[PDB]
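Working notes for the structure below.
2 protein chains.
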Amino acid sequence: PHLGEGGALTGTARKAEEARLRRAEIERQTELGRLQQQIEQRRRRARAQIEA
Amino acid sequence: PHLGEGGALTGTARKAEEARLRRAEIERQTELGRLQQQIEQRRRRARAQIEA
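Line by line, the protein sequences are chains F and G.
Going by PDB author numbering, the residue at position 48 of the first sequence is 511; the numbering climbs one at a time, nothing skipped.
Going by PDB author numbering, the residue at position 20 of the second sequence is 483; the numbering climbs one at a time, nothing skipped.
So, in structure tokens, the structure goes:
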């Protein structure tokens with residue numbers, strides 16, 4: 464059976480939407496990764512200054 | 464014999480001048496020490512910034 468918020472897709476359109484969903488998930492994961500890395504670089508900064 | 468740039472001091476004045484010379488030598492040594500320490504702190508600074 465077809466599981467998606469839109470639903471009601473058959474044949475090739477189903478595979479296309481699966482690919483689109485995977486792409487969106489990868490995009491969101493990369494966004495969260497960059498945010499994590501930015502806040503951690505701020506932390507490392509605070510470190511270097513404390514050491515000095 | 465009496466050795467000093469002024470010379471011609473006897474008795475107690477001789478000891479007083481010996482003490483004064485020792486004091487001046489200590490003063491100059493402390494001056495050189497502080498200068499050395501200041502330039503080395505600048506060096507350590509340059510380090511910390513390079514590491515960052």
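Where a beta carbon is used, it is the ideal one built from N, C-alpha and C, also for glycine.
What distance in whole Å lies between the Cβ atoms of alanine 515/F and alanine 511/G, which are believed to be in contact at a cut-off of 8 Å?
-> 5 Å
Below-8 Å beta-carbon distance, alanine 515/G vs any chain F residue | yes
For the putative contact between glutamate 480/G and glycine 467/G, defined by C-beta atoms under 8 Å, what is the C-beta separation to the nearest angstrom?
-> 6 Å
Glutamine 504/G versus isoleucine 513/G - alpha carbon distance | 14 Å
Reduced DSSP secondary structure (H/G/I, E/B, other) of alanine 511/F = helix
State the Cα-Cα distance for the pair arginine 506/F and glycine 469/F, rounded to the nearest angstrom.
-> 42 Å
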